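Undergrad: Just passing along the structure, written as structure tokens.
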Amino acid sequence: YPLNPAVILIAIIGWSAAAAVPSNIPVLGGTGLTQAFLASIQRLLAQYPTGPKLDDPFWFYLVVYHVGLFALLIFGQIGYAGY
Amino acid sequence: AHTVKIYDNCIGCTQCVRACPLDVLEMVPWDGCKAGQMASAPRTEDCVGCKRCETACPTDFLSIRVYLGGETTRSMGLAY
Amino acid sequence: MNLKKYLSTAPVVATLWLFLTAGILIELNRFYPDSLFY
Amino acid sequence: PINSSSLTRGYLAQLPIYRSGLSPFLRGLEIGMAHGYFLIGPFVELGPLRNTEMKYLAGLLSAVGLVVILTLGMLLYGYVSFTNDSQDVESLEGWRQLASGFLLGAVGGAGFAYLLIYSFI
Amino acid sequence: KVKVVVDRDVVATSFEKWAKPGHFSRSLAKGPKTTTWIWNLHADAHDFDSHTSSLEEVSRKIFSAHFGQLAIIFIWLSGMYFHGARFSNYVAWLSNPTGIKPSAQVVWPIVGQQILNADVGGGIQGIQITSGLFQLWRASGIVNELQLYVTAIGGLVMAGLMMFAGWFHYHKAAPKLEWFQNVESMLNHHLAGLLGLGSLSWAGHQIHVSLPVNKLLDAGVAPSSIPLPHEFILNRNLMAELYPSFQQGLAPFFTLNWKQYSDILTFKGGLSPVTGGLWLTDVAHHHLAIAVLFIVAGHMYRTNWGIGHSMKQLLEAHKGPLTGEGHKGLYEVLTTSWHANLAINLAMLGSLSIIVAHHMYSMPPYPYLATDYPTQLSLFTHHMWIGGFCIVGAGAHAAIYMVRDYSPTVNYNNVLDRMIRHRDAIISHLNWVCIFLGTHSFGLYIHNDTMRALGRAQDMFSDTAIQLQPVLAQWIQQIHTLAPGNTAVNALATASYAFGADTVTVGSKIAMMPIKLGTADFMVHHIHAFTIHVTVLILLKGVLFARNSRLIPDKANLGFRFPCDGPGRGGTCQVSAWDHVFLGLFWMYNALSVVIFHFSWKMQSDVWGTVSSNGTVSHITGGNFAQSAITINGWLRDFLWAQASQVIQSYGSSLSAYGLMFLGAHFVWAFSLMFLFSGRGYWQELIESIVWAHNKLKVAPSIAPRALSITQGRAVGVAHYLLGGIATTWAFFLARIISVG
Amino acid sequence: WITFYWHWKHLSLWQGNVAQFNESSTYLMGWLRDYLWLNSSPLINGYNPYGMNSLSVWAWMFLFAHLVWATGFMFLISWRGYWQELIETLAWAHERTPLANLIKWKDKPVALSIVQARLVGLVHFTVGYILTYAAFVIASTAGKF
Amino acid sequence: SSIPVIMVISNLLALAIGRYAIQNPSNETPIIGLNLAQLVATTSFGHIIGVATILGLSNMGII
Ligand code: CLA
Ligand code: CLA
Ligand code: CLA
Ligand code: CLA
Ligand SMILES: CC1=C(/C=C/C(C)=C/C=C/C(C)=C/C=C/C=C(C)/C=C/C=C(C)/C=C/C2=C(C)CCCC2(C)C)C(C)(C)CCC1
Ligand SMILES: CC1=C(/C=C/C(C)=C/C=C/C(C)=C/C=C/C=C(C)/C=C/C=C(C)/C=C/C2=C(C)CCCC2(C)C)C(C)(C)CCC1
Ligand SMILES: CC1=C(C/C=C(\C)CCC[C@H](C)CCC[C@H](C)CCCC(C)C)C(=O)c2ccccc2C1=O
Ligand code: SF4
Ligand code: SF4
């Protein structure tokens with residue numbers, strides 16, 4: 001297994017740029033997934049002690065980002081290792 | 001260990017010896033039956049007491065008999 | 001002759017005999033209902 | 001970096017039970033400290049006196065109670081398992097020193113966890 | 001390459017072998033000397049790969065036997081339609097779906113059994129049915145008894161054709177092995193031809209018959225006054241009145257102006273407020289979308305024209321560095337073993353029956369199903385049981401594959417071989433997970449029983465004490481509630497009201513509403529996780545150790561089904577793969593019993609019930625699940641004891657058959673324990689004394705009486721245990737829900 | 001059967017409703033409904049969501065006894081070979097688990113013997129049978145009078 | 001007007017994709033160089049791609 005930690009560098013920029021496309025409107029904004037997700041952490045780390053509720057869409061921006069990131073980086077391992 | 005005995009009504013068919021998965025039994029020369037051979041149980045230290053030998057014995061009643069005795073690593077069939 | 005041998009097999013004759021038996025008992029209770037004594 | 005063998009046995013090698021140089025007592029002591037410290041947690045927060053003034057005391061005493069049973073268990077194991085006696089852990093003398101280490105460690109570790117929660121309540 | 005090749009006039013049609021019991025087996029053909037032979041005849045009758053070594057001859061029996069099964073299914077369906085036509089209140093029920101109880105079984109007046117002809121309404125007396133046939137037939141647009149009669153006759157003609165085809169493809173035109181091994185062709189045809197065209201042609205029925213009939217029924221038109229289905233096809237103006245898109249005809253389909261069919265093909269979600277069923281315009285569109293998917297899917301596999309995938313090439317390509325030769329060999333395994341295929345197919349069909357159970361209660365697909373609580377409870381429970389049995393069967397056939405069909409040459413360093421090579425790691429970890437799940441799921445109930453009994457309600461796992469909120473399930477409910485207009489932009493309403501949003505009522509009765517998950521729901525879900533992991537432990541252990549263990553190194557030679565390898569090695573009772581299936585059945589029974597009890601109680605407590613004019617929900621068991629379902633005592637008292645009231649008070653009423661069957665089923669269950677707890681050695685010795693008495697009176701039979709085999713004792717035991725246990729719940733459920741629902 | 005009969009006949013006598021026994025005892029639903037189901041109510045309400053009373057111990061014992069009875073079925077229905085094969089994997093796992101594999105059994109763990117499991121199964125069955133009825137016969141009578 | 005144009009392009013692209021995509025193309029056809037089986041296969045793909053694209057742009061109010 002060649003490893004090469006640069007797979008993680010491509011996994012971030014590769015997914016983030018693809019996820020930063022402008023969407024329609026609701027429970028996202030129209031900016032994108034990342035722009036909503038990076039805005040969700042900004043207004044949550046502002047109140048560092050008191051964490052999010054189940055009502056908050058942060059939990060959706062977390063799962064759909066990570067389940068997209070983990071998908072893009074796992075398929076990143078197979079590609080670099082198995083040319 | 002288990003005790004395996006061969007009684008005189010043994011017809012020397014070899015079926016018990018063929019059935020034994022532990023090689024406990026063997027056929028020995030004997031004038032007592034037409035087959036000219038009798039089952040023997042020389043290696044009963046290896047006998048697990050599965051009674052495949054008795055299942056195979058065609059005589060009524062059995063000519064080979066397994067008396068389950070004191071358990072050992074070998075007789076309990078333990079690979080640990 | 002082979003069909004008749006089949007119809008003489010245990011389960012067929014048992015089915016037909018117990019059908020006939022059940023029919024007689026059912027029909028006796030249809031015409032003589034609620035017989036608690038002779 | 002193999003992961004299965006290299007990182008596994010590399011990590012395991014540095015654990016107090018396996019680490020080269022340690023006397024049975026210091027292996028025990030390190031194992032004790034680690035266990036005593038975390039073992040107080042469930043008793044403090046989920047025990048029958050968790051919503052009383054005795055929440056923390058009850059939690060500490062319970063942990064010491066459990067640790068005593070574990071140490072007695074250790075001693076019984078060693079007595080039964082090791083008829084032979086030597087300085088190494090897997091021996092009558094070594095296992096008793098390990099047990100002594102574990103008990104001191106775990107009572108101290110428990111005590112230390114109790115001290116920090118009182119310090120930073 | 002893909003060709004039809006058959007042998008002609010391969011088996012003469014003669015009654016000769018009918019008069020020769022056990023002709024099919026070399027061991028049985030000689031006939032009985034003992035009663036064991038009679039059982040063996042039946043146990044072996046369908047074990048075709050034991051009769052002959054020829055894969056061709058096995059395949060041909062299977063294909064022909066399958067037609068026998070379809071023939072029987074057609075007789076059964078025909079029966080259901082004929083009973084609907086002749087002995088039902090279906091026509092009356094169409095005019096009052098909420099008021100009349102569906103009934104399609106009338107009992108004869110004999111020995112007082114006519115008490116079972118219940119006051120169901122619609123001018124008949126009969127047994128209330130829970131199969132949901134009326135809701136199915138109403139969804140299909142059936143309004144009169146002629147339509148049901150003609151379907152029943154059609155069914156008998158299909159049964160006849162299936163019998164002819166079974167006979168024909170065994171006796172006259174038997175396909176060769178190479179015909180059956182056309183898996184690529186079979187999958188193209190089954191995907192595009194069976195599922196694709198099935199769904200397309202059904203969508204056709206829905207758009208042309210179901211839609212117009214149900215729209216007029218839902219508007220309140222008298223079913224007799226509704227135009228017959230063919231009038232909607234003949235007169236397009238009739239159809240255009242109901243769905244204006246029919247003005248534009250098929251021009252919008254060929255021109256890709258598909259939005260014109262927004263009236264007939266919708267994405268409304270939710271339920272009809274009239275019927276409490278899925279919108280049939282949603283269902284018609286679903287079936288169109290599925291049909292396309294399946295017709296497209298069935299172009300995947302290479303047949304006679306170069307294009308398409310080799311399933312062999314696909315399997316062999318899916319090879320990584322952690323899984324050796326990967327899926328190499330599996331194409332050979334699945335083209336040479338019927339049991340391998342039956343293993344997969346039962347796993348998926350069984351798992352499908354369970355998915356169907358969950359989807360059909362929560363998204364009630366049929367009109368007036370949701371508020372027919374007997375039907376809802378019956379359909380969920382039924383499809384759970386069928387699913388459970390199929391999954392255990394998957395275990396049986398996976399293990400039969402391992403004993404009879406597995407070769408190390410085919411499975412060399414492939415995923416199957418590699419699994420066998422760490423069976424100890426697999427089973428040790430699953431064992432551990434079963435102990436972890438059992439202690440931390442069932443332990444919570446025992447903790448709770450103990451704390452409640454000790455007067456320590458504040459020390460319990462409950463919504464009001466130590467809360468275990470199923471926060472992930474709660475979070476998923478929220479996402480599904482927020483879906484319409486958001487992540488499902490064109491969906492007007494939720495897939496299911498089970499997830500959130502509104503309470504749907506039909507009359508006063510609740511069709512569906514949000515199913516709130518709390519501590520009681522968290523706890524029972526971990527029981528389900530637990531009971532499923534253990535069942536998997538038993539069946540998977542059966543498969544991975546089918547051929548050998550450290551205990552029995554030559555287990556494959558002893559076969560799939562054998563009682564033991566004797567009392568030695570400490571005792572080897574129930575080492576066989578068959579005995580794992582035997583044990584798997586009890587755990588499946590355990591697992592699914594708790595599922596259908598969870599369902600029954602949760603739905604009665606928190607979902608089903610009445611909504612007043614004020615608009616206050618009164619549930620059947622008034623929300624007792626949250627505080628009662630967190631202790632075993634609560635299950636015993638507030639579920640079994642409380643809800644058994646209906647079945648045990650049923651004597652002298654139309655539900656008395658359920659009371660009788662409740663006791664009858666308890667009897668059969670208890671009777672099973674005689675077989676499960678005993679051994680044939682006792683029974684053979686008892687029979688010796690009974691045989692002595694017959695010999696004394698010169699009335700001993702030539703067919704020597706034998707105690708059942710060790711294996712048959714177990715088979716009889718588990719069969720009566722399951723029959724008794726399941727039939728008990730059946731009587732309990734139907735008596736309960738027909739009374740209170 | 002003997003003790004059920006004694007108890008129901010006496011419950012009916014003591015209540016002054018001999019007619020209940022006389023009419024209900026001639027069919028088995030009468031026994032299930034008018035004896036077992038009817039008299040279970042005080043017992044199973046020994047504790048409930050609303051609180052607990054002096055019958056809580058009989059309610060808890062009752063469930064305990066049903067559990068013990070059912071645990072017996074495991075030993076009576078599932079026989080040795082299943083268990084010995086499972087124990088083999090657990091022995092395998094223990095020896096290959098780091099830290100844990102420093103600890104050694106002195107006695108090789110094996111599945112219970114064929115006869116042992118009959119005895120252990122019968123003891124759970126018998127204990128469950130006795131404690132279940134003890135809790136019922138005491139709590140049903142104590143709860144009623 | 002846009003529907004025939006997109007459909008012809010999608011069919012022509014699927015035909016071009018087909019020359020590289022299909023295992024062992026014909027090259028015994030005057031201009032397209034695919035056999036009838038492959039022509040039906042590619043045009044079938046071109047229809048699915050065409051219908052899906054058209055419905056994509058129609059849903060987005062582009063055509
Ligand atoms: C089996 C599951 C189960 C669970 C989870 C609980 C939980 C609880 N019980 Mg109950 N109880 C149970 C079953 C259970 N019980 C049963 C079967 C009975 C018999 C009737 C009882 C009878 C009972 C009584 C009489 C009492 C309790 C009490 C309690 C509470 C405190 C117990 C305590 O201090 O534990 C101590 C726990 C530990 C020392 C450790 C637990 C295990 C650790 C956390 C595992 C960690 C593994 C880790 C992740 C591995 C990582 C390794 C590496 C990677 C680093 C707690 C809420 C008490 C209470 O007051 O209730 C509120 C109490 O008085 N229980
Ligand atoms: C119509 C007349 C007919 C005749 C004379 C034959 C004759 C024969 N068939 Mg053929 N066959 C037929 C129709 C016929 N078949 C049909 C309709 C089918 C499609 C199912 C087949 C498919 C078929 C197969 C797959 C096989 C045969 C075989 C045979 C031979 C042995 C059959 C035997 O012993 O069955 C006697 C068995 C029965 C009478 C039981 C039949 C069970 C039926 C199908 C289902 C019963 C319904 C339901 C389950 C009942 C439940 C009731 C409840 C009490 C539980 C014999 C030459 C076998 C053979 O070995 O030939 C060389 C063989 O393997 N046949
Ligand atoms: C369009 C093609 C087509 C269709 C519809 C089917 C359908 C079926 N096959 Mg398959 N099969 C096919 C092609 C097809 N096959 C090909 C090419 C092969 C060789 C590669 C196979 C090899 C095969 C085997 C080996 C087996 C099957 C079996 C089945 C049945 C599975 C059980 C089921 O789902 O019952 C669903 C039942 C129905 C939908 C009712 C009966 C339908 C009948 C048979 C007619 C359907 C088609 C007809 C054109 C309809 C006309 C419509 C009308 C309006 C004009 C099912 C009837 C199994 C079986 O049960 O065989 C008896 C089985 O063992 N098939
Ligand atoms: C109520 C009846 C009952 C109970 C309690 C058990 C229990 C068990 N079965 Mg058995 N089983 C049963 C009926 C039962 N079975 C029957 C009738 C059959 C015949 C079909 C079987 C056949 C069978 C098979 C074939 C298998 C099982 C397995 C299991 C184990 C599952 C793992 C687990 O959860 O362990 C944990 C224990 C429990 C959940 C029981 C109670 C736990 C309590 C509440 C918590 C702990 C209490 C604490 C330690 C007590 C201290 C008190 C003390 C100091 C006095 C578990 C030991 C499987 C197994 O071994 O999995 C690894 C397995 O493969 N069973
Ligand atoms: C989450 C996570 C995890 C886990 C974790 C863990 C597992 C941890 C643990 C930890 C621990 C478990 C710790 C502990 C500690 C302890 C301590 C810190 C102690 C100390 C003590 C002291 C300080 C003292 C003592 C004493 C006294 C006091 C007295 C006398 C005696 C003596 C001396 C003993 C991991 C990593 C996997 C991964 C990532 C994430
Ligand atoms: C209920 C029931 C029944 C009934 C049944 C029925 C009555 C059925 C029907 C069915 C049907 C009646 C079907 C149909 C079908 C059809 C189809 C499947 C078609 C299709 C077609 C297509 C696919 C097309 C194509 C195309 C294209 C794509 C291109 C252009 C042109 C066209 C359009 C031509 C019975 C009796 C069995 C009994 C049991 C139950
Ligand atoms: C009760 C019991 C028996 C005894 C049961 C036997 C032998 C089966 C009884 C046979 C029944 C009664 C059918 C025989 C009926 C004849 C075919 C006659 C029919 C007459 C008419 C109805 C046609 C065992 O042999 C056995 C073996 C292994 C484990 C447990 C047990 C077990 O529990
Ligand atoms: S099977 Fe019996 S008769 Fe044959 S050799 Fe062995 S002991 Fe003798
Ligand atoms: S008790 Fe029965 S199953 Fe167990 S070893 Fe003996 S003969 Fe075999």
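We name chains A, B, ... following the order of the structure tokens; residues begin at 1 in each chain, and ligands are numbered from 1 as shown.
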Residues near region 49-51 of chain G, anyone? I mean within 8 Å using only C-alpha atoms, not counting same-chain ones fewer than 6 positions away, as a ChimeraX atom specification.
TA: /E:256 /G:6-7,10-11
Undergrad: Can I get the residues close to ligand 5 as a list in words, where close means within 7 Å and we count only C-alpha atoms and all ligand atoms?
TA: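 Counting only C-alpha atoms and all ligand atoms, the residues within 7 Å of ligand 5 come out as residues 29, 33, 34, 35, 37, 38, 104, 105, 106, 107, 108, 109, 111 and 112 of chain D.
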Undergrad: Residues within 7 Å of ligand 1 (only C-alpha atoms and all ligand atoms), as a list in words?
TA: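 So the residues close to ligand 1 are residues 39, 42, 43, 46, 47, 48 and 49 of chain D; 439, 440, 441, 443, 444, 446, 447, 450, 451, 459 and 460 of chain E.
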Undergrad: Which residues are near ligand 3 - at most 7 Å, using only C-alpha atoms and all ligand atoms? Format: as a PyMOL selection string.
TA: chain E and resi 62-64+66-67+70+179-180+182-183+185-186+189-190+193-194
Undergrad: Please, which residues have at least one atom within 10 Å of an atom of ligand 7, using only C-alpha atoms and all ligand atoms, listed as an mmCIF file with C-alpha atoms, in the first residue's frame?
TA:
```cif
data_model
loop_
_atom_site.group_PDB
_atom_site.id
_atom_site.type_symbol
_atom_site.label_atom_id
_atom_site.label_comp_id
_atom_site.auth_asym_id
_atom_site.auth_seq_id
_atom_site.Cartn_x
_atom_site.Cartn_y
_atom_site.Cartn_z
ATOM 1 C CA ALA C 10 -52.450 -46.388 2.701
ATOM 2 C CA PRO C 11 -52.922 -42.565 2.516
ATOM 3 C CA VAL C 12 -55.573 -42.682 -0.300
ATOM 4 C CA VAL C 13 -57.688 -45.465 1.371
ATOM 5 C CA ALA C 14 -57.246 -43.731 4.817
ATOM 6 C CA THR C 15 -58.325 -40.350 3.286
ATOM 7 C CA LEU C 16 -61.354 -41.919 1.484
ATOM 8 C CA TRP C 17 -62.407 -44.123 4.467
ATOM 9 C CA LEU C 18 -62.125 -41.206 6.992
ATOM 10 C CA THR E 35 -42.375 -47.607 9.951
ATOM 11 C CA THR E 36 -39.160 -45.471 9.567
ATOM 12 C CA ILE E 38 -42.961 -44.312 5.739
ATOM 13 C CA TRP E 39 -41.409 -41.121 7.281
ATOM 14 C CA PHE E 671 -47.295 -31.267 22.990
ATOM 15 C CA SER E 672 -44.113 -30.233 21.034
ATOM 16 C CA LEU E 673 -42.109 -30.291 24.304
ATOM 17 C CA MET E 674 -42.676 -34.108 24.536
ATOM 18 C CA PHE E 675 -40.585 -34.463 21.294
ATOM 19 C CA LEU E 676 -38.004 -31.717 22.076
ATOM 20 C CA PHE E 677 -37.248 -32.786 25.698
ATOM 21 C CA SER E 678 -37.234 -36.624 25.164
ATOM 22 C CA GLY E 679 -35.145 -39.114 23.139
ATOM 23 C CA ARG E 680 -36.197 -41.990 20.862
ATOM 24 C CA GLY E 681 -34.382 -44.601 23.060
ATOM 25 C CA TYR E 682 -37.170 -44.228 25.663
ATOM 26 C CA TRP E 683 -39.883 -44.436 22.946
ATOM 27 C CA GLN E 684 -38.396 -47.443 21.089
ATOM 28 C CA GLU E 685 -38.281 -49.346 24.439
ATOM 29 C CA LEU E 686 -41.958 -48.396 25.229
ATOM 30 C CA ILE E 687 -43.020 -49.589 21.709
ATOM 31 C CA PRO E 705 -43.136 -50.045 14.642
ATOM 32 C CA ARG E 706 -40.097 -47.772 15.251
ATOM 33 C CA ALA E 707 -39.725 -44.647 17.404
ATOM 34 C CA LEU E 708 -39.199 -41.572 15.152
ATOM 35 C CA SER E 709 -35.527 -41.019 14.078
ATOM 36 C CA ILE E 710 -33.502 -38.661 16.357
ATOM 37 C CA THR E 711 -33.734 -36.015 13.574
ATOM 38 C CA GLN E 712 -37.510 -36.530 13.031
ATOM 39 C CA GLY E 713 -38.083 -36.139 16.823
ATOM 40 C CA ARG E 714 -36.406 -32.695 16.517
ATOM 41 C CA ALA E 715 -38.296 -31.890 13.263
ATOM 42 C CA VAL E 716 -41.667 -32.849 14.872
ATOM 43 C CA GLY E 717 -40.666 -30.912 18.024
#
```
Undergrad: Using only C-alpha atoms and all ligand atoms, which residues have at least one atom no more than 7 Å from ligand 6? Output them as a PyMOL selection string.
TA: chain E and resi 74+77-78+151-152+154-155+158+197-198+200-201
Undergrad: How would the residues just chosen look if you wrote them out with N, CA and C atoms as an mmCIF file, in the first residue's frame?
TA:
```cif
data_model
loop_
_atom_site.group_PDB
_atom_site.id
_atom_site.type_symbol
_atom_site.label_atom_id
_atom_site.label_comp_id
_atom_site.auth_asym_id
_atom_site.auth_seq_id
_atom_site.Cartn_x
_atom_site.Cartn_y
_atom_site.Cartn_z
ATOM 1 N N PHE E 74 -52.480 -20.565 -8.069
ATOM 2 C CA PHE E 74 -53.592 -20.120 -8.937
ATOM 3 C C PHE E 74 -54.913 -20.679 -8.417
ATOM 4 N N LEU E 77 -55.594 -18.461 -5.191
ATOM 5 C CA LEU E 77 -56.059 -17.122 -5.641
ATOM 6 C C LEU E 77 -57.485 -17.225 -6.188
ATOM 7 N N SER E 78 -57.714 -18.150 -7.116
ATOM 8 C CA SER E 78 -59.035 -18.421 -7.729
ATOM 9 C C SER E 78 -60.065 -18.583 -6.614
ATOM 10 N N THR E 151 -62.421 -13.556 -12.687
ATOM 11 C CA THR E 151 -61.030 -13.641 -12.171
ATOM 12 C C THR E 151 -60.809 -15.041 -11.599
ATOM 13 N N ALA E 152 -61.767 -15.559 -10.828
ATOM 14 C CA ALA E 152 -61.750 -16.924 -10.244
ATOM 15 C C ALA E 152 -61.670 -17.988 -11.351
ATOM 16 N N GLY E 154 -60.638 -17.409 -14.542
ATOM 17 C CA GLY E 154 -59.307 -17.110 -15.095
ATOM 18 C C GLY E 154 -58.210 -17.787 -14.289
ATOM 19 N N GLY E 155 -58.317 -17.733 -12.962
ATOM 20 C CA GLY E 155 -57.378 -18.380 -12.038
ATOM 21 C C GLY E 155 -57.321 -19.875 -12.266
ATOM 22 N N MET E 158 -55.490 -20.606 -15.466
ATOM 23 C CA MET E 158 -54.032 -20.440 -15.215
ATOM 24 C C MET E 158 -53.501 -21.641 -14.422
ATOM 25 N N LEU E 197 -42.104 -5.399 -17.301
ATOM 26 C CA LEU E 197 -43.390 -5.443 -18.047
ATOM 27 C C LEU E 197 -44.542 -5.721 -17.082
ATOM 28 N N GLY E 198 -44.286 -6.437 -15.984
ATOM 29 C CA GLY E 198 -45.286 -6.615 -14.926
ATOM 30 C C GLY E 198 -45.735 -5.265 -14.412
ATOM 31 N N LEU E 200 -45.071 -2.263 -15.805
ATOM 32 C CA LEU E 200 -45.589 -1.431 -16.927
ATOM 33 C C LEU E 200 -47.066 -1.767 -17.159
ATOM 34 N N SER E 201 -47.389 -3.049 -17.318
ATOM 35 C CA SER E 201 -48.758 -3.549 -17.604
ATOM 36 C C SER E 201 -49.672 -3.266 -16.404
#
```
Undergrad: Quick one: residues within 6 Å of residue 50 (chain B), only C-alpha atoms counted, chain neighbours fewer than 5 positions away excluded, as a PyMOL selection string?
TA: chain E and resi 565-568
Undergrad: Could you please take those selected residues and save C-alpha atoms as a compact mmCIF listing (two decimals), in the first residue's frame?
TA:
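Output saved as selection-v5.txt:
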```txt
# COMPACT_ATOMS: atom_id res chain seq x y z
CA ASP E 565 -21.47 -38.36 15.96
CA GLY E 566 -22.19 -40.22 19.23
CA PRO E 567 -21.68 -39.52 22.95
CA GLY E 568 -17.85 -39.46 22.66
```
Undergrad: Considering only C-alpha atoms, extract the chain F residues located within 12 Å of chain D and return them as a list in words.
TA: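 Filtering chain F at 12 Å from chain D with only C-alpha atoms gives residues 97, 98, 99, 100, 101, 102, 103, 104, 105, 106 and 107 of chain F.
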Undergrad: At a cut-off of 12 Å, which residues of chain A touch chain E? Count only C-alpha atoms and give the answer as number ranges by chain.
TA: A: 1, 23-30, 53-61, 63-64, 77-79, 81-82
Undergrad: Show which residues sit within 6 Å of region 131-139 of chain F, as a list in words. Count only C-alpha atoms, and ignore same-chain residues fewer than 5 positions away.
TA: residues 43, 58, 62 and 65 of chain F
Undergrad: Given a cut-off of 6 Å, which residues of chain C touch chain E, counting only C-alpha atoms, written out as a PyMOL selection string?
TA: chain C and resi 2-3+5-6
Undergrad: Could you please take those selected residues and save N, CA and C atoms as a PDB file, in the first residue's frame?
TA:
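Generated output (selection_37.pdb):
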```pdb
ATOM      1  N   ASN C   2     -52.717 -49.961 -12.410  1.00  0.00           N
ATOM      2  CA  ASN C   2     -51.682 -49.234 -11.632  1.00  0.00           C
ATOM      3  C   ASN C   2     -52.358 -48.095 -10.866  1.00  0.00           C
ATOM      4  N   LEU C   3     -53.311 -47.405 -11.498  1.00  0.00           N
ATOM      5  CA  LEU C   3     -54.123 -46.334 -10.862  1.00  0.00           C
ATOM      6  C   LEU C   3     -54.909 -46.922  -9.683  1.00  0.00           C
ATOM      7  N   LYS C   5     -54.040 -49.646  -7.963  1.00  0.00           N
ATOM      8  CA  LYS C   5     -52.995 -49.949  -6.948  1.00  0.00           C
ATOM      9  C   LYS C   5     -52.684 -48.672  -6.159  1.00  0.00           C
ATOM     10  N   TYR C   6     -52.525 -47.542  -6.853  1.00  0.00           N
ATOM     11  CA  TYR C   6     -52.304 -46.219  -6.219  1.00  0.00           C
ATOM     12  C   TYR C   6     -53.472 -45.914  -5.276  1.00  0.00           C
TER      13      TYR C   6
END
```
Undergrad: Would you list the contacts of residue 533 (chain E) as an MDAnalysis selection string, taking every protein, DNA or RNA residue within 10 Å and counting only C-alpha atoms, but skipping same-chain residues closer than 6 positions in sequence?
TA: chainID E and resid 430:431 433:435 437:438 527 587 591
Undergrad: How about saving the chosen residues, N, CA and C atoms kept, as a short mmCIF file (atom, residue, chain, number, x, y, z; two decimals), in the first residue's frame?
TA:
```
data_model
loop_
_atom_site.label_atom_id
_atom_site.label_comp_id
_atom_site.auth_asym_id
_atom_site.auth_seq_id
_atom_site.Cartn_x
_atom_site.Cartn_y
_atom_site.Cartn_z
N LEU E 430 -19.05 -12.38 16.67
CA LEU E 430 -20.53 -12.38 16.63
C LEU E 430 -21.08 -12.90 17.98
N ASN E 431 -20.47 -13.94 18.53
CA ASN E 431 -20.80 -14.47 19.88
C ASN E 431 -20.71 -13.32 20.89
N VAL E 433 -20.75 -10.06 20.38
CA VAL E 433 -21.73 -9.00 20.04
C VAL E 433 -23.10 -9.43 20.57
N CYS E 434 -23.40 -10.74 20.51
CA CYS E 434 -24.67 -11.30 21.03
C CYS E 434 -24.71 -11.15 22.54
N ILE E 435 -23.61 -11.44 23.24
CA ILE E 435 -23.56 -11.28 24.73
C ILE E 435 -23.63 -9.78 25.07
N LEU E 437 -25.02 -7.32 23.28
CA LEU E 437 -26.38 -6.84 22.94
C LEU E 437 -27.38 -7.40 23.94
N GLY E 438 -27.26 -8.68 24.30
CA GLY E 438 -28.23 -9.34 25.18
C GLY E 438 -28.21 -8.71 26.56
N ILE E 527 -33.39 -4.96 21.60
CA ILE E 527 -33.88 -6.38 21.68
C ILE E 527 -33.91 -6.98 20.27
N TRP E 587 -35.06 -19.32 17.50
CA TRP E 587 -34.58 -17.93 17.69
C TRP E 587 -35.27 -16.99 16.71
N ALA E 591 -37.25 -13.91 17.99
CA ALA E 591 -37.00 -12.60 17.35
C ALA E 591 -38.32 -12.02 16.81
#
```
Undergrad: In Å, how far is it from atom 47 (C, counted along the ligand's line) of ligand 2 to CA of residue 126 (chain E)?
TA: 26.9 Å
Undergrad: For chain B against chain F, which residues fall within 12 Å using only C-alpha atoms, given as a list in words?
TA: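 Here they are: residues 71, 72, 73, 76, 77, 78, 79 and 80 of chain B.
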